[PDB]
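Here is the file final.cif (mmCIF, C-alpha atoms and all ligand atoms).
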```cif
data_run
#
loop_
_atom_site.group_PDB
_atom_site.id
_atom_site.type_symbol
_atom_site.label_atom_id
_atom_site.label_comp_id
_atom_site.auth_asym_id
_atom_site.auth_seq_id
_atom_site.Cartn_x
_atom_site.Cartn_y
_atom_site.Cartn_z
ATOM 1 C CA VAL A 26 -49.066 -3.451 0.438
ATOM 2 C CA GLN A 27 -50.731 -3.342 3.855
ATOM 3 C CA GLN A 28 -49.208 -6.796 4.278
ATOM 4 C CA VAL A 29 -45.791 -5.366 3.446
ATOM 5 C CA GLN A 30 -46.516 -2.718 6.057
ATOM 6 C CA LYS A 31 -47.431 -5.181 8.799
ATOM 7 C CA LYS A 32 -44.313 -7.213 8.041
ATOM 8 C CA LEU A 33 -41.985 -4.204 8.253
ATOM 9 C CA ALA A 34 -43.591 -3.068 11.504
ATOM 10 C CA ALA A 35 -43.189 -6.585 12.880
ATOM 11 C CA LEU A 36 -39.573 -6.676 11.730
ATOM 12 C CA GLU A 37 -38.826 -3.424 13.562
ATOM 13 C CA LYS A 38 -40.574 -4.479 16.775
ATOM 14 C CA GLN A 39 -38.658 -7.785 16.837
ATOM 15 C CA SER A 40 -35.341 -6.017 16.187
ATOM 16 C CA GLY A 41 -35.735 -3.622 19.091
ATOM 17 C CA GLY A 42 -34.492 -0.672 17.056
ATOM 18 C CA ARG A 43 -35.808 2.016 14.712
ATOM 19 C CA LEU A 44 -36.148 1.080 11.040
ATOM 20 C CA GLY A 45 -36.462 3.465 8.117
ATOM 21 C CA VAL A 46 -37.395 2.258 4.647
ATOM 22 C CA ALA A 47 -37.979 3.953 1.315
ATOM 23 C CA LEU A 48 -38.415 2.035 -1.918
ATOM 24 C CA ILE A 49 -39.076 3.668 -5.258
ATOM 25 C CA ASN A 50 -40.260 1.540 -8.174
ATOM 26 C CA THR A 51 -39.246 3.372 -11.353
ATOM 27 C CA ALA A 52 -41.776 1.264 -13.277
ATOM 28 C CA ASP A 53 -44.771 3.271 -12.049
ATOM 29 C CA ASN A 54 -43.150 5.578 -9.473
ATOM 30 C CA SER A 55 -44.966 3.695 -6.701
ATOM 31 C CA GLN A 56 -43.447 3.886 -3.206
ATOM 32 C CA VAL A 57 -43.112 1.699 -0.124
ATOM 33 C CA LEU A 59 -42.441 3.929 2.887
ATOM 34 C CA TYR A 60 -41.763 3.242 6.572
ATOM 35 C CA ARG A 61 -40.618 6.152 8.769
ATOM 36 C CA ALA A 62 -39.511 7.503 5.395
ATOM 37 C CA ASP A 63 -39.661 11.139 6.543
ATOM 38 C CA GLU A 64 -37.814 10.630 9.852
ATOM 39 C CA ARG A 65 -34.111 11.541 10.135
ATOM 40 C CA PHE A 66 -31.420 8.879 10.543
ATOM 41 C CA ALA A 67 -27.654 9.103 10.834
ATOM 42 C CA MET A 68 -26.257 8.319 7.381
ATOM 43 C CA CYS A 69 -22.667 7.738 8.381
ATOM 44 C CA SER A 70 -20.919 5.870 5.534
ATOM 45 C CA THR A 71 -23.837 6.183 3.095
ATOM 46 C CA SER A 72 -23.058 9.919 2.955
ATOM 47 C CA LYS A 73 -20.001 9.042 0.853
ATOM 48 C CA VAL A 74 -22.302 8.642 -2.167
ATOM 49 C CA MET A 75 -23.404 12.278 -2.176
ATOM 50 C CA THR A 76 -19.777 13.243 -1.552
ATOM 51 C CA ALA A 77 -18.364 11.224 -4.452
ATOM 52 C CA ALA A 78 -21.131 12.550 -6.663
ATOM 53 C CA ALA A 79 -20.079 16.127 -5.861
ATOM 54 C CA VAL A 80 -16.598 15.328 -7.103
ATOM 55 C CA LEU A 81 -18.095 13.793 -10.258
ATOM 56 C CA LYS A 82 -20.178 16.920 -10.771
ATOM 57 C CA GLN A 83 -16.983 19.001 -10.933
ATOM 58 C CA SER A 84 -15.546 16.654 -13.578
ATOM 59 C CA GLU A 85 -18.341 17.752 -15.929
ATOM 60 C CA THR A 86 -16.659 21.161 -16.214
ATOM 61 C CA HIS A 87 -13.081 20.490 -15.071
ATOM 62 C CA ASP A 88 -11.405 18.242 -17.638
ATOM 63 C CA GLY A 89 -9.382 15.342 -16.225
ATOM 64 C CA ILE A 90 -10.005 16.297 -12.599
ATOM 65 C CA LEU A 91 -10.386 12.597 -11.699
ATOM 66 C CA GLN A 92 -6.730 12.117 -12.665
ATOM 67 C CA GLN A 93 -5.574 14.818 -10.237
ATOM 68 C CA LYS A 94 -3.316 13.457 -7.498
ATOM 69 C CA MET A 95 -3.345 13.942 -3.716
ATOM 70 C CA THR A 96 -0.558 12.849 -1.388
ATOM 71 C CA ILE A 97 -1.326 10.282 1.325
ATOM 72 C CA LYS A 98 0.637 10.658 4.564
ATOM 73 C CA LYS A 99 0.669 8.593 7.763
ATOM 74 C CA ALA A 100 -0.838 11.647 9.473
ATOM 75 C CA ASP A 101 -3.929 11.477 7.233
ATOM 76 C CA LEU A 102 -4.758 7.945 8.374
ATOM 77 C CA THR A 103 -7.833 7.522 10.558
ATOM 78 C CA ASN A 104 -9.502 4.522 12.215
ATOM 79 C CA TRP A 105 -10.235 2.746 8.929
ATOM 80 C CA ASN A 106 -7.837 2.868 5.988
ATOM 81 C CA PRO A 107 -8.193 -0.462 4.141
ATOM 82 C CA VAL A 108 -6.836 1.105 0.946
ATOM 83 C CA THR A 109 -5.163 4.403 1.856
ATOM 84 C CA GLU A 110 -2.751 2.691 4.275
ATOM 85 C CA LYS A 111 -1.378 0.935 1.191
ATOM 86 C CA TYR A 112 -0.361 4.313 -0.234
ATOM 87 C CA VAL A 113 1.330 6.012 2.729
ATOM 88 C CA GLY A 114 3.943 8.386 1.345
ATOM 89 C CA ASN A 115 2.460 8.184 -2.149
ATOM 90 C CA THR A 116 -0.297 9.649 -4.319
ATOM 91 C CA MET A 117 -3.814 8.568 -5.240
ATOM 92 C CA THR A 118 -5.991 10.147 -7.934
ATOM 93 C CA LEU A 119 -9.450 11.487 -7.080
ATOM 94 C CA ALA A 120 -10.907 8.519 -8.981
ATOM 95 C CA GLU A 121 -8.887 6.045 -6.900
ATOM 96 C CA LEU A 122 -9.865 7.911 -3.731
ATOM 97 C CA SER A 123 -13.518 7.893 -4.807
ATOM 98 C CA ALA A 124 -13.325 4.161 -5.515
ATOM 99 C CA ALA A 125 -11.629 3.416 -2.180
ATOM 100 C CA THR A 126 -14.271 5.549 -0.453
ATOM 101 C CA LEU A 127 -17.264 3.841 -2.095
ATOM 102 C CA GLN A 128 -16.148 0.232 -2.489
ATOM 103 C CA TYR A 129 -14.129 -0.290 0.719
ATOM 104 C CA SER A 130 -15.610 2.621 2.703
ATOM 105 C CA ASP A 131 -12.142 3.999 3.399
ATOM 106 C CA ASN A 132 -12.341 6.817 6.006
ATOM 107 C CA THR A 133 -9.112 8.505 4.974
ATOM 108 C CA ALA A 134 -10.173 8.598 1.333
ATOM 109 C CA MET A 135 -13.444 10.198 2.446
ATOM 110 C CA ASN A 136 -11.497 12.934 4.265
ATOM 111 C CA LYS A 137 -9.293 13.441 1.217
ATOM 112 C CA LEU A 138 -12.358 14.063 -0.913
ATOM 113 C CA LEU A 139 -13.753 16.411 1.733
ATOM 114 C CA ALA A 140 -10.513 18.387 1.824
ATOM 115 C CA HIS A 141 -10.609 18.625 -1.961
ATOM 116 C CA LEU A 142 -14.226 19.852 -1.912
ATOM 117 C CA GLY A 143 -13.568 22.393 0.836
ATOM 118 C CA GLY A 144 -15.338 20.681 3.704
ATOM 119 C CA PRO A 145 -18.697 18.950 4.363
ATOM 120 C CA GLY A 146 -20.629 22.174 3.881
ATOM 121 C CA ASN A 147 -19.864 21.933 0.166
ATOM 122 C CA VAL A 148 -21.394 18.459 -0.011
ATOM 123 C CA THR A 149 -24.532 19.841 1.624
ATOM 124 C CA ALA A 150 -24.606 22.660 -0.906
ATOM 125 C CA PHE A 151 -24.325 20.131 -3.728
ATOM 126 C CA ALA A 152 -27.313 18.232 -2.342
ATOM 127 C CA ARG A 153 -29.347 21.445 -2.355
ATOM 128 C CA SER A 154 -28.307 22.088 -5.970
ATOM 129 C CA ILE A 155 -29.983 18.809 -6.965
ATOM 130 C CA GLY A 156 -33.135 19.544 -4.983
ATOM 131 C CA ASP A 157 -32.371 17.640 -1.769
ATOM 132 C CA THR A 158 -33.331 19.912 1.150
ATOM 133 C CA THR A 159 -33.130 17.200 3.794
ATOM 134 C CA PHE A 160 -29.560 15.937 3.454
ATOM 135 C CA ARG A 161 -26.832 17.548 5.554
ATOM 136 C CA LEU A 162 -23.167 16.725 6.097
ATOM 137 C CA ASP A 163 -21.682 18.462 9.123
ATOM 138 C CA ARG A 164 -18.451 16.718 10.145
ATOM 139 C CA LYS A 165 -15.482 14.799 8.741
ATOM 140 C CA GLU A 166 -14.292 11.241 9.454
ATOM 141 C CA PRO A 167 -14.656 9.634 11.884
ATOM 142 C CA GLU A 168 -16.785 12.087 13.941
ATOM 143 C CA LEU A 169 -19.686 11.984 11.478
ATOM 144 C CA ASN A 170 -20.432 8.424 12.640
ATOM 145 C CA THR A 171 -21.460 9.202 16.265
ATOM 146 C CA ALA A 172 -25.111 8.682 15.252
ATOM 147 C CA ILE A 173 -26.342 10.126 18.553
ATOM 148 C CA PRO A 174 -30.129 9.804 19.007
ATOM 149 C CA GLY A 175 -31.864 13.147 18.618
ATOM 150 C CA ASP A 176 -28.842 14.673 16.885
ATOM 151 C CA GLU A 177 -29.581 16.076 13.413
ATOM 152 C CA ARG A 178 -25.947 16.419 12.373
ATOM 153 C CA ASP A 179 -25.035 14.236 9.389
ATOM 154 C CA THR A 180 -28.540 12.897 8.807
ATOM 155 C CA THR A 181 -31.214 12.579 6.146
ATOM 156 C CA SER A 182 -34.495 10.787 5.570
ATOM 157 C CA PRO A 183 -34.920 7.452 3.794
ATOM 158 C CA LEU A 184 -37.154 9.041 1.152
ATOM 159 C CA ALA A 185 -34.896 12.021 0.490
ATOM 160 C CA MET A 186 -31.876 9.756 0.090
ATOM 161 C CA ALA A 187 -33.860 7.454 -2.219
ATOM 162 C CA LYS A 188 -34.835 10.402 -4.404
ATOM 163 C CA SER A 189 -31.279 11.722 -4.579
ATOM 164 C CA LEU A 190 -29.786 8.306 -5.325
ATOM 165 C CA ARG A 191 -32.314 7.958 -8.157
ATOM 166 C CA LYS A 192 -31.554 11.456 -9.492
ATOM 167 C CA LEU A 193 -27.828 10.679 -9.370
ATOM 168 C CA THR A 194 -27.825 7.177 -10.884
ATOM 169 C CA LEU A 195 -30.857 7.245 -13.194
ATOM 170 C CA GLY A 196 -31.906 10.907 -13.440
ATOM 171 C CA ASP A 197 -30.158 14.078 -14.600
ATOM 172 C CA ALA A 198 -28.340 15.299 -11.481
ATOM 173 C CA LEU A 199 -25.126 14.083 -13.153
ATOM 174 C CA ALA A 200 -24.161 13.957 -16.841
ATOM 175 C CA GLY A 201 -23.772 10.697 -18.783
ATOM 176 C CA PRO A 202 -20.095 9.811 -18.130
ATOM 177 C CA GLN A 203 -20.354 10.819 -14.472
ATOM 178 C CA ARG A 204 -23.649 8.943 -14.057
ATOM 179 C CA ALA A 205 -22.062 5.825 -15.558
ATOM 180 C CA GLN A 206 -19.015 6.062 -13.293
ATOM 181 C CA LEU A 207 -21.135 6.350 -10.133
ATOM 182 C CA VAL A 208 -23.205 3.318 -11.156
ATOM 183 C CA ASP A 209 -20.032 1.359 -11.838
ATOM 184 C CA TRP A 210 -18.591 2.294 -8.456
ATOM 185 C CA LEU A 211 -21.792 1.334 -6.632
ATOM 186 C CA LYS A 212 -21.883 -2.038 -8.418
ATOM 187 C CA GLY A 213 -18.284 -2.659 -7.397
ATOM 188 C CA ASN A 214 -19.022 -2.259 -3.693
ATOM 189 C CA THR A 215 -17.349 -5.031 -1.694
ATOM 190 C CA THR A 216 -19.027 -4.456 1.678
ATOM 191 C CA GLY A 217 -22.725 -5.059 0.983
ATOM 192 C CA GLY A 218 -22.822 -8.862 0.830
ATOM 193 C CA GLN A 219 -24.904 -9.272 4.015
ATOM 194 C CA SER A 220 -27.279 -6.325 3.620
ATOM 195 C CA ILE A 221 -29.802 -5.448 0.894
ATOM 196 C CA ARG A 222 -28.115 -7.910 -1.495
ATOM 197 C CA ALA A 223 -28.660 -10.800 0.956
ATOM 198 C CA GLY A 224 -32.429 -10.382 0.712
ATOM 199 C CA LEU A 225 -32.487 -10.490 -3.088
ATOM 200 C CA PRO A 226 -32.369 -13.221 -5.760
ATOM 201 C CA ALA A 227 -28.684 -13.907 -6.448
ATOM 202 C CA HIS A 228 -28.685 -13.052 -10.181
ATOM 203 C CA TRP A 229 -30.267 -9.608 -9.733
ATOM 204 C CA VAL A 230 -27.883 -6.705 -10.474
ATOM 205 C CA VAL A 231 -27.166 -4.315 -7.615
ATOM 206 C CA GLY A 232 -25.232 -1.148 -6.868
ATOM 207 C CA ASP A 233 -25.082 -0.061 -3.200
ATOM 208 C CA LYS A 234 -23.318 1.753 -0.367
ATOM 209 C CA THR A 235 -23.390 0.435 3.173
ATOM 210 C CA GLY A 236 -22.869 2.074 6.523
ATOM 211 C CA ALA A 237 -22.171 0.832 10.023
ATOM 212 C CA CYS A 238 -21.728 3.193 12.921
ATOM 213 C CA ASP A 240 -22.406 3.866 16.607
ATOM 214 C CA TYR A 241 -25.679 2.926 18.270
ATOM 215 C CA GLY A 242 -25.641 -0.217 16.174
ATOM 216 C CA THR A 243 -26.652 1.899 13.179
ATOM 217 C CA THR A 244 -26.625 -0.375 10.121
ATOM 218 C CA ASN A 245 -27.464 1.298 6.786
ATOM 219 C CA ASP A 246 -27.526 0.603 3.074
ATOM 220 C CA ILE A 247 -28.745 2.421 -0.022
ATOM 221 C CA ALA A 248 -29.052 0.710 -3.384
ATOM 222 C CA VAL A 249 -30.270 0.659 -6.937
ATOM 223 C CA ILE A 250 -31.722 -2.693 -7.958
ATOM 224 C CA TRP A 251 -32.197 -4.090 -11.459
ATOM 225 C CA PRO A 252 -34.593 -7.091 -11.238
ATOM 226 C CA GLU A 254 -33.762 -9.050 -14.392
ATOM 227 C CA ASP A 255 -35.111 -7.041 -17.352
ATOM 228 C CA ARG A 256 -37.625 -5.007 -15.331
ATOM 229 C CA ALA A 257 -37.451 -1.331 -14.286
ATOM 230 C CA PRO A 258 -34.923 -0.606 -11.507
ATOM 231 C CA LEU A 259 -35.882 -0.108 -7.862
ATOM 232 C CA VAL A 260 -34.233 2.483 -5.603
ATOM 233 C CA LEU A 261 -34.069 1.302 -2.007
ATOM 234 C CA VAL A 262 -32.985 2.812 1.287
ATOM 235 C CA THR A 263 -32.899 0.771 4.489
ATOM 236 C CA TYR A 264 -31.758 2.651 7.571
ATOM 237 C CA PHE A 265 -31.570 1.086 11.045
ATOM 238 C CA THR A 266 -30.449 2.352 14.431
ATOM 239 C CA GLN A 267 -30.607 1.027 18.015
ATOM 240 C CA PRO A 268 -30.926 2.261 21.664
ATOM 241 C CA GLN A 269 -27.437 1.220 22.854
ATOM 242 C CA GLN A 270 -24.341 3.191 21.919
ATOM 243 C CA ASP A 271 -22.342 -0.054 21.817
ATOM 244 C CA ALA A 272 -25.041 -2.158 20.132
ATOM 245 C CA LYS A 273 -24.008 -4.721 17.510
ATOM 246 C CA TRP A 274 -24.720 -4.240 13.802
ATOM 247 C CA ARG A 275 -27.797 -5.867 12.245
ATOM 248 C CA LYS A 276 -27.004 -6.265 8.552
ATOM 249 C CA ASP A 277 -29.568 -9.083 8.649
ATOM 250 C CA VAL A 278 -32.376 -6.648 9.445
ATOM 251 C CA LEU A 279 -31.661 -4.757 6.207
ATOM 252 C CA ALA A 280 -31.709 -8.030 4.277
ATOM 253 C CA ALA A 281 -35.158 -8.857 5.657
ATOM 254 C CA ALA A 282 -36.471 -5.373 4.973
ATOM 255 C CA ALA A 283 -35.131 -5.739 1.434
ATOM 256 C CA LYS A 284 -36.814 -9.122 0.868
ATOM 257 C CA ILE A 285 -40.105 -7.841 2.301
ATOM 258 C CA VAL A 286 -40.455 -4.869 -0.050
ATOM 259 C CA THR A 287 -38.905 -6.344 -3.214
ATOM 260 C CA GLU A 288 -40.424 -9.812 -3.260
ATOM 261 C CA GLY A 289 -42.518 -10.187 -6.392
ATOM 262 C CA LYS A 290 -40.823 -7.267 -8.133
HETATM 263 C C1 LIG B 301 -19.524 3.904 7.829
HETATM 264 O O1 LIG B 301 -20.635 3.972 8.330
HETATM 265 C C2 LIG B 301 -18.351 3.320 8.637
HETATM 266 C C3 LIG B 301 -17.377 4.450 9.136
HETATM 267 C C4 LIG B 301 -16.147 4.026 9.984
HETATM 268 O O2 LIG B 301 -16.809 5.127 7.992
HETATM 269 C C5 LIG B 301 -17.656 2.266 7.744
HETATM 270 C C6 LIG B 301 -17.091 1.026 8.494
HETATM 271 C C7 LIG B 301 -17.609 -0.115 7.683
HETATM 272 S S1 LIG B 301 -17.111 -1.819 8.056
HETATM 273 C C8 LIG B 301 -18.633 -2.324 8.942
HETATM 274 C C9 LIG B 301 -18.896 -3.874 8.964
HETATM 275 N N1 LIG B 301 -17.875 -4.684 8.261
HETATM 276 C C10 LIG B 301 -17.401 -5.853 8.864
HETATM 277 N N2 LIG B 301 -17.746 -6.360 10.020
HETATM 278 C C11 LIG B 301 -18.451 0.313 6.692
HETATM 279 C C12 LIG B 301 -19.180 -0.502 5.676
HETATM 280 O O3 LIG B 301 -19.361 -0.097 4.418
HETATM 281 O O4 LIG B 301 -19.664 -1.582 5.986
HETATM 282 N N3 LIG B 301 -18.560 1.697 6.720
#
```
Reformat the file's structure so that it appears as C-alpha cells.
Ligand SMILES: *C(=O)[C@H]([C@@H](C)O)[C@H]1CC(SCCNC=N)=C(C(=O)O)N1
Amino acid sequence: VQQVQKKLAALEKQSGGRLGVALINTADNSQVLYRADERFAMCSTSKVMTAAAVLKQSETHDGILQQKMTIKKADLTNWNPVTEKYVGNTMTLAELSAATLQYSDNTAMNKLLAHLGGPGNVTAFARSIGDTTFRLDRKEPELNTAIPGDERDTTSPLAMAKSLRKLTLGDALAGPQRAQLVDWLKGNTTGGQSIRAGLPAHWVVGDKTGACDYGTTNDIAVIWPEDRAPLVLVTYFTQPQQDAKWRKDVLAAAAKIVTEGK
C-alpha cells in the first residue's frame, strides 16, 4: 500500500500536474486514496450523474426514455458527434443519454439538462443519494473551463467513487435503471487510452471520460477483474497551463498502479 502511495506521488511529480485518485474495492471495502478529498473539475464525467437523474425519473414515469426531443442546428455546440446527425429531427431521451455517455456529445448533454430543468436539478439529485460534494453549476460547454481554485462544476475523487458505486452497484437506482447505466458505461467509445489502457485486456469495464481546459484529463470507472469483486475507480488530473495537452496516459498509469494484483 505504502508502495502504491509512493508510486502515485512519483507519478504526479513527474507529470507536473495535480492527480486525484480514489479506488474502492467492493471485496472488503478497502480504499486507495490520493488527494481523494480535494475538489477537481469533473467536466464530461458529470454526464454520469446527469444521465442517472434521467434514469431515476424513469422509475416513476413509464416510458419516459422513449420521449422525443427535437434537435435543431441552433442547439449544436462545439462537440456534436451524434446530435449533428439528427439536425431537424428527434432523438429519444435514451438515445440522447447514450450519445451523451458513449460519445460525450455536448448537445445531448444540454438536451438532458433542459429536460431536467437545469444543472441545479442534477445537484439536487446527487444530494438525494447522499452525495454532498458534487455540484453542477453550468451547461455545455461552459462547465469545462476547469479554472484552478474555482469550485463550480467540481467534486472529489472519493465522493464521485461512492456515487458511481451507489448508482451502478448499490441502490441509488432501481434494477432496470441500474442495468441500463451499466450497459451505457460499458459501451463507452472514448476511454481506450485511459483507465482501460492500464488494465489487463480481458477485464470488463464501464467508464466515462473527460477532457477539458487546463489539460484536465478525467475518467471514472467500474472494473470487474475476471470473477472477482468489482472495483470502483476515479482518476482525476489537471495541469497548470490553460492550454495544456491532455494526459490520458497518466490515468492509465494511475490505474495500473492501484489495480495491479487485484
Ligand atoms: C468533456 O470533458 C469534454 C467536453 C467538450 O464535453 C468532452 C470532449 C471529449 S474528446 C477528448 C479527447 N478525444 C480525442 N482526442 C471527451 C471525452 O469523453 O474524451 N469529453
Hey, which residues come within 10 Å of ligand LIG 301 (chain B) if we count all atoms listed in the file? Could you give them as a ChimeraX atom specification? /A:67-73,103-107,126-133,135,165-172,214-220,233-238,240,243-246,273-276
Using the chain letters and numbers from the file, give me the residues hit by the PyMOL selection byres (((chain A and resi 50-56) around 10) and not hetatm), as number ranges by chain. A: 26, 47-49, 57, 59-60, 184, 191, 195, 250, 256-261, 286-287, 290
Apply the PyMOL selection byres (((chain A and resi 285) around 10) and not hetatm) to the displayed file and report the matching residues as a compact mmCIF listing (two decimals) with C-alpha atoms, in the frame of the given file.
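Writing the result to out-v1.txt gives the following:
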```txt
# COMPACT_ATOMS: atom_id res chain seq x y z
CA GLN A 28 -49.21 -6.80 4.28
CA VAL A 29 -45.79 -5.37 3.45
CA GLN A 30 -46.52 -2.72 6.06
CA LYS A 32 -44.31 -7.21 8.04
CA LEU A 33 -41.98 -4.20 8.25
CA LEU A 36 -39.57 -6.68 11.73
CA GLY A 224 -32.43 -10.38 0.71
CA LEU A 225 -32.49 -10.49 -3.09
CA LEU A 279 -31.66 -4.76 6.21
CA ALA A 280 -31.71 -8.03 4.28
CA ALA A 281 -35.16 -8.86 5.66
CA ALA A 282 -36.47 -5.37 4.97
CA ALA A 283 -35.13 -5.74 1.43
CA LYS A 284 -36.81 -9.12 0.87
CA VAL A 286 -40.46 -4.87 -0.05
CA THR A 287 -38.90 -6.34 -3.21
CA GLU A 288 -40.42 -9.81 -3.26
CA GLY A 289 -42.52 -10.19 -6.39
```
Residues matched by the PyMOL selection byres (((chain A and resi 39-42) around 8) and not hetatm) as a list in words: residues 35, 36, 37, 38, 43, 44, 265, 266, 267, 268 and 278 of chain A
For residue 146 in chain A, which residue among A:198, A:134, A:79, A:190 is the nearest when counting all atoms listed in the file?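 Using all atoms listed in the file, the shortest distance to residue 146 in chain A belongs to A:79.
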I'd like to know which of A:231, A:120, A:95, A:139 is closest to residue 251 in chain A, using all atoms listed in the file.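 Ranked by minimum distance to residue 251 in chain A, first place goes to A:231.
Summary of the local environment: counting all atoms listed in the file, residues at most 6 Å from residue 272 in chain A, other than itself and those fewer than 2 positions away along its chain, are residues 241, 242, 269 and 270 of chain A.
You can rank A:222, A:99, A:31, A:87 by their closest distance to residue 263 in chain A using all atoms listed in the file, and at the top of that list sits A:222.
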Among A:181, A:203, A:93, A:158, residue 62 in chain A is approached most closely, using all atoms listed in the file, by A:181
Have a look at CA of residue 114 in chain A and CA of residue 143 in chain A and let me know their distance in Å, one decimal.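 Between these atoms lies a distance of 22.4 Å.
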Using all atoms listed in the file, pick whichever of A:230, A:113, A:78, A:223 has the shortest atom-to-atom distance to residue 152 in chain A. A:78
So the first atom is CA of residue 45 in chain A and the second is CA of residue 175 in chain A; what is the distance between them in Å, to one decimal place?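 Between these atoms lies a distance of 15.0 Å.
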